[PDB]
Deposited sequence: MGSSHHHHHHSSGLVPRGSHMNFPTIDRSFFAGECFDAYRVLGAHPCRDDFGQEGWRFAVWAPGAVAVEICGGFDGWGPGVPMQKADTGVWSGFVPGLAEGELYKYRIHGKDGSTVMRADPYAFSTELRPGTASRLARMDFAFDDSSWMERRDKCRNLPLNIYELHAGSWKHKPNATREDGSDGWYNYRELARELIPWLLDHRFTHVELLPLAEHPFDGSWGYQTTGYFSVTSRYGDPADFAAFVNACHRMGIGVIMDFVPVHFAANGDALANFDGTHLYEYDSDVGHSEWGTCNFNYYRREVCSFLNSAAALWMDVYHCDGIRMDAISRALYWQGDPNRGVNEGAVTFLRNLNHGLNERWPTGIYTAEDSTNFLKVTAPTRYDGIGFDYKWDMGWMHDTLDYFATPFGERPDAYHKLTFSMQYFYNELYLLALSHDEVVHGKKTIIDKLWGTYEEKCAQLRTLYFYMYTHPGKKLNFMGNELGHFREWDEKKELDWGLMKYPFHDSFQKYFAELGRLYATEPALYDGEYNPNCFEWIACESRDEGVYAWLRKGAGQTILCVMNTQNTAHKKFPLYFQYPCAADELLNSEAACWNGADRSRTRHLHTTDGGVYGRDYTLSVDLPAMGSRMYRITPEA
């Protein structure tokens, strides 16, 4: 066997395809005998054996160590799906049997044995790829989903899980109906504990066997693309699960982790070049092998800053790693979408690396999420003083390419679901929920929502359960999901809303000082078209609320969040309005609008020439 040697870029932290050499791969030896070759980076190990069923889990096959610290070996005759592990004899005298860190397939948890798998999948999505776009000036309406707890098989937890293929068949119609453009999957890298949701990773290259085999996931992505839906993979580059037989103490030294923090994890050492290559290659896997359309990176602030705190200092190794990661991802897949968040606002997350940014495409607007939910949690009587809690977001909005996210992290651990966070009666919570999402879809910036948000779910998310689909037997919830679909439709089809979101010239306040009434109004002006958006956050109606315009115009209603069809309380009939002459200085025209309690309205504006 002439074993392939990994590119020198690996040791430079610049390798994005390390999994083409490392791991287990089909090949022929020098005598033309079919088998599998194995390669594992373990520079401090004194010995490594390939172990598996082939010799009844005995001594296995000794690997040979290159002066690079990469061990290689070959086993003839093995079939796809056969189990293997590495027995690692560590620098410290330890002996540990481990999953291949570059496993492509792993037995169903709790087992960690690696499985021989081919990684050459059939796709027919080349035209999808040619059309692909970061969506700066297109709708980006992301459905965040955990693959094990969206919908379960009829009857049945586990085994009652759909296979990836079956999941695609069930999910795609729901996405299309609600005009979600992309699904963002919680991490599918292999992980031992269902309740980590994928955020405590052991198998970075091993798409989780919970929902089937590698080809099954590839088929899921292929199916999405056929129907015009993108797939974003959640990724965990800050830390890994601390299991003693996974990545920690890998070669009997602190290899992947620092020589010297979140519970049950270890932090990756970005000053270790081969660790950078590992992570580069783990992100790239999703784009390359599985044809994903983007990467969302979890908890990046914990990497950017020592101990996650800018006051403790910037981790320049982390910054350089992330810059290089985004650079290489863009070099290979420029129309992929790469996102993160950083609520510290210390570094420029979405600015180009050239201008000292980190080079992400979008940043979740954590401030928008917190401030908006704080506001709608406030008793009506206290809202006048808290009025500018909502206007504040547009003061900083253009500082980053912000994405408005209501994610899985906000509907767990006693924090309450979105609707349950809101102040008031059942009916008032329901009315405000309609207005909240009106605001979400008509505030500039791309969108992300965790599964259940569109149902007006009351029960917090539990990965052991599916969504409460039975909620749609109730008028509120059924009408709410239709309302959510209508927001998606307007967002996807109206240039005023999706085009020029990041252009300050496309946003204009109309009413932003109406503290007593709790009324906010603004124009969205994408592509030279105009939509007026107006929301009432008080629990009383406003009659003929005046909105001052610089020009005379007609207004045709596109949406009324309190309409009967959304289970709302308004039964008004008038949809076509026009300004009257006279307003205020500089704005000599008034558009008078009736606002139902807690209600929002959207109008197409046609200037009178």
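(Q) Should a student be asked to find the unmodelled regions, what ranges of the deposited sequence would be the right answer here? (A) Missing C-alpha atoms (numbering from 1) occur across the ranges 1-20, 177-180, 285-288.
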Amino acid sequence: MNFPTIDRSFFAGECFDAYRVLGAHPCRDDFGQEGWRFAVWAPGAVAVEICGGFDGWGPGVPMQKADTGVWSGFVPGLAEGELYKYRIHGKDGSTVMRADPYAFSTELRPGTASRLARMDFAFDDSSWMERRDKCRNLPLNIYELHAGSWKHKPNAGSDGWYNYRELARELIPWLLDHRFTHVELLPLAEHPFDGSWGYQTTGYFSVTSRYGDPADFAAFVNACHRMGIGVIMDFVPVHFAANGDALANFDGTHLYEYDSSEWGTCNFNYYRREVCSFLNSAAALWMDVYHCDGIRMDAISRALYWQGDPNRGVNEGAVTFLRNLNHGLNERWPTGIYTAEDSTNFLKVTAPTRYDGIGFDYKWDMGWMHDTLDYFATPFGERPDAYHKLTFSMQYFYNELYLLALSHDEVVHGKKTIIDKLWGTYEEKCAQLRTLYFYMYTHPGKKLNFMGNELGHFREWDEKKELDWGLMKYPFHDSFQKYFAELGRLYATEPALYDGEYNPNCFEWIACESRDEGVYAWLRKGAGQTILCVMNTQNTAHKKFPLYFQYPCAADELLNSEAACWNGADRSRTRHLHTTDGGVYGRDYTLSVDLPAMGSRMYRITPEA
From here on, numbers count along this sequence of modelled residues.
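Q: Tell me which of 204-212 and 262-270 has the higher mean C-alpha B-factor in the deposited entry.
A: Of 262-270 and 204-212, the stretch with the higher C-alpha B-factor average is 262-270.
Q) Given the B-factors recorded for C-alpha atoms, which segment has the greater mean, 456-464 or 315-323? A) In the deposited entry, the stretch with the higher C-alpha B-factor mean is 456-464.
**Q.** Peak C-alpha temperature factor (PDB record), options 294, 237, 76, 139
**A.** Going by the entry's C-alpha B-factors, 76 comes out highest.
Q: Among 280, 493, 105, 155, single out the one with the highest C-alpha B factor in the record, please.
A: Going by the entry's C-alpha B-factors, 155 comes out highest.
Q | Third assignment of residue 430 from its chain's C-alpha B-factors | A | As the PDB entry reports it, the C-alpha B-factor of residue 430 lands in the highest third of its chain.
Q.
Sorting by Cα B-factor within the chain, modelled residues only, which third would residue 489 end up in: lowest, middle or highest?
A. Its C-alpha B-factor belongs to the middle third of this chain's values.
Q: Could you tell me which third, lowest, middle or highest, the C-alpha B-factor of residue 173 occupies within its chain?
A: Its C-alpha B-factor belongs to the middle third of this chain's values.
Q: Among all modelled residues of this chain, ranked by Cα B factor, put residue 21 in the bottom, middle or top third, i.e. lowest, middle or highest.
A: As the PDB entry reports it, the C-alpha B-factor of residue 21 lands in the middle third of its chain.
**Q.** Position of residue 388 among the chain's modelled residues by C-alpha B-factor, lowest, middle or highest third
**A.** Tercile = highest for this residue's CA B-factor.
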